[PDB]
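First up is the structure itself, then whatever we jot down about it.
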Amino acid sequence: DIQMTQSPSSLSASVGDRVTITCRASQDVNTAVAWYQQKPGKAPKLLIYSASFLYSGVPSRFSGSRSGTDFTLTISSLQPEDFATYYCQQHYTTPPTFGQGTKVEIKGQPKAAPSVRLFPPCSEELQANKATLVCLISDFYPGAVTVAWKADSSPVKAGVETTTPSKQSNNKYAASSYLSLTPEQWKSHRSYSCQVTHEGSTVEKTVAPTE
Amino acid sequence: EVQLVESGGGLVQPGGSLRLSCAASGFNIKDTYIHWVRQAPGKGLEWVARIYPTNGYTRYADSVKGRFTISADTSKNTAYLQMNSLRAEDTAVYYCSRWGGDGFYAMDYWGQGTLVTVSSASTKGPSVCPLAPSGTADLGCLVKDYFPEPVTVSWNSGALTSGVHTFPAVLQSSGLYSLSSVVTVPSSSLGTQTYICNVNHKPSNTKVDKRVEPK
């Protein structure tokens, strides 16, 4: 079964950059290769077929080429409507297969540092022998964030559930991290800590059972 | 105008069954192959099946054989995917697609996609509890362990709008959702002003209120 290896998985580019995306086919596929663009919540749109033929209505700053089993999509000068995910696909044999995708992202304006807000358990959960620490992370850009939890000062990996960052309406990002505990666990430690690191700045917040 | 329109899709249980449709217009199916392609949330595209409606010749991907059946219908200009023995990992957006014609084997037209969720989780309203606050303070409501999406959260029956931030839900390893909603309020309002979060989970026909108080 023929695999398409796409590189890189992600790229932040400026409007006007020459951008190149590469697909390695696992075995020979001739020139039976298409490229697609997909925007969030939409269907993929065909860009290039038979390795290098530009589909009707696609701007000419797009092109595709081949060396061996290496396939390449070039965008001569990135435009705003080009920020998107791109996928290659071989259609040489059945089944046809796709690359994993390359996300071409905006190299964003000044960063914004996250607000971190960390809450201890509810009574209602304690009384039902459950406990949840809730770490809410808002108003950050870019949308990449490292969440670390600590008990006293020991790293805690167990029972962490963290969302993928999603764009607020103000175009900054938010995310949530939940640490599930038993009451026993909660009471066993002096403090717990939610640590958020973003673009080289660490925001730590802590909560204690003894008030 | 060539168009492909899909219908069906939704939540189903593992073991269960669903049928998708792909109504073409602007061309004749018979002139080309119709495909199904699917996209697990946050992942790539995975081809699923294909049919030449002129004769009904099908092909399938291994992960679906003996489970899914693609079929077509001349008269109604329509392709179908019958999905049985569903598993959690068939969760995806399902697209239908065509080749062009003759020797043009790229997918030039795609339908808009339709989401299929496969989960063993049972319908359930959330356990809500208040997140007590320690210029301004932060207070909130934890909306725990519901299924399926979505929930709507208001404060003071929709009257309290400034400082309100309702967060996207986490899907937990258990297969249930939790989320939180917070309000930033004047510290001088604490212990005096009434703050109520109102949580509505239509799928379980459940509305819950909780008053949030300092401690």
Side-chain angles (χ1 to χ4, degrees), chain A residues 1 4 6 32-36 38 41-50 53 55-56 85 87 89 91-92 94-101 115 117 119-126 128 130 132 134-139 159 161-166 168 174-178 180 207 211, chain B residues 4 6 35 37 39 41-50 59-63 93 95-97 99-100 103-113 127-134 138-142 144-145 165-174 178-182 184 210 215:
Chain A
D1 212 5
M4 297 300 286
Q6 209 170 330
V33 155
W35 293 87
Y36 294 102
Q38 183 176 39
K42 309 295 174 165
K45 151 199 172 217
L46 172 67
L47 287 187
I48 292 171
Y49 61 94
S50 290
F53 299 39
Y55 182 61
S56 57
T85 301
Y87 290 101
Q89 170 208 68
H91 55 260
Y92 188 63
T94 283
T97 53
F98 300 82
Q100 42 99 128
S115 313
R117 300 180 268 175
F119 288 102
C122 312
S123 330
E124 289 77 343
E125 282 206 320
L126 286 171
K130 297 165 297 183
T132 319
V134 183
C135 179
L136 305 176
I137 319 179
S138 36
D139 299 324
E161 307 256 25
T162 290
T163 69
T164 58
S166 57
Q168 293 164 176
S176 314
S177 192
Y178 297 85
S180 298
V207 289
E211 299 146 283
Chain B
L4 296 173
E6 332 194 9
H35 303 263
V37 187
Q39 175 163 57
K43 310 277 189 208
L45 298 160
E46 186 199 10
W47 178 81
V48 164
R50 152 195 137 171
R59 300 295 303 281
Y60 300 82
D62 277 355
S63 67
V93 180
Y95 296 103
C96 69
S97 198
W99 284 344
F104 310 121
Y105 305 140
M107 292 166 191
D108 60 332
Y109 282 96
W110 300 64
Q112 78 285 3
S127 300
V128 180
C129 56
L131 297 181
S134 190
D138 271 70
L139 55 77
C141 268
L142 173 70
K144 201 77 179 305
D145 289 343
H165 190 169
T166 292
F167 282 71
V170 64
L171 170 56
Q172 308 167 101
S173 67
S174 75
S178 304
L179 66 73
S180 298
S181 178
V182 290
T184 297
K210 289 296 177 162
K215 213 55 163 287

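In what follows, chains carry the letters A, B, and so on, assigned in the order in which the sequence lines appear, proteins first and then strands, with residues in each chain numbered from 1.
Under the 4.5 Å side-chain criterion, counting only non-hydrogen atoms from C-beta, A:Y87 is in contact with B:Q39. The shortest distance between side-chain heavy atoms of B:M107 and A:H91 does not fall below 4.5 Å. Side-chain contact check for A:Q89 versus B:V37: every heavy-atom pair is 4.5 Å or farther apart. For the pair B:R59/A:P95, no side-chain contact is recorded, criterion being any heavy-atom separation below 4.5 Å from C-beta on.
For a residue to count as touching a neighbouring chain, one of its non-hydrogen atoms must lie under 4.5 Å from one of that chain's; by this rule B:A132 touches chain A with the backbone only. Contacts of A:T85 with chain B are absent, with no heavy-atom separation under 4.5 Å from either backbone or side chain. At a 4.5 Å heavy-atom cutoff, the contact between A:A43 and chain B is made by backbone and side-chain atoms alike. Of the two parts of A:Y92, neither the backbone nor the side chain holds a non-hydrogen atom closer than 4.5 Å to a non-hydrogen atom of chain B. Using a 4.5 Å cut-off between heavy atoms, A:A175 touches chain B through its backbone atoms (N, CA, C, O) alone. For B:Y95, the part sitting under 4.5 Å from any heavy atom of chain A is the side chain, from C-beta outward, and nothing else. Only the backbone of A:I137 comes within contact range of chain B, judged by heavy atoms closer than 4.5 Å. With a 4.5 Å cut-off on non-hydrogen atoms, B:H35 does not touch chain A at all.
Closest of all the heavy-atom pairs between B:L131 and A:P120 is CD2-O, 4.5 Å. Taking every heavy atom of both residues into account, B:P130 and A:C122 meet most closely at O-SG, 3.8 Å. Closest approach of A:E125 to B:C129, counting heavy atoms only: CG-SG, 4.4 Å. In terms of heavy atoms, B:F167 sits closest to A:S176 at CD2-OG, 3.5 Å. Here the closest non-hydrogen pair linking B:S173 and A:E161 is N-OE2, 3.0 Å.
Ranked by heavy-atom pairs under 4.5 Å with chain A, the list B:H165, B:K215, B:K210 is led by B:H165. Your options are A:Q38, A:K42, A:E211, A:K45, and the one with the most heavy-atom pairs under 4.5 Å with chain B is A:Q38. Listed options A:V207, A:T97, A:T163 were ranked by heavy-atom pairs under 4.5 angstrom with chain B; first place goes to A:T163. Of the listed residues B:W99, B:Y60, B:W110, the one with more heavy-atom pairs under 4.5 angstrom with chain A than any other is B:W110. Of the listed residues (B:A106, B:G100, B:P133), the greatest number of heavy-atom pairs within a distance under 4.5 Å of chain A belongs to B:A106.
Rounded to the nearest 0.5 angstrom, A:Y178 OH and B:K144 NZ are separated by 9.0 Å. Of the inter-residue distances, the one linking B:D138 atom CG with A:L136 atom CG reads 8.5 Å to the nearest 0.5 angstrom. A distance of 6.5 Å separates CD in B:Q172 from OG in A:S180, rounded to the nearest 0.5 Å. Remark: A:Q100 CD to B:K43 NZ distance equals 11.0 Å, nearest 0.5 Å.
Under the side chain to side chain contact (heavy atoms under 4.5 Å, CB included) criterion, B:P168 pairs with A:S166, sequence neighbours left out. Residues satisfying the side chain to side chain contact (heavy atoms under 4.5 Å, CB included) test with A:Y55, not counting sequence neighbours, are A:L46, A:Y49, A:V58, B:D108, B:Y109.
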For the pair A:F119 and B:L142, evaluate side chain to side chain contact (heavy atoms under 4.5 Å, CB included) and give the outcome as yes or no after the intermediate values. CA-CA 10 Å; A:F119 288 102; B:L142 173 70; over 6 Å; no
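Of the possible polar contacts, none joining the A:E124 side chain to the B:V128 backbone as a donor-acceptor pair under 3.5 Å is found.
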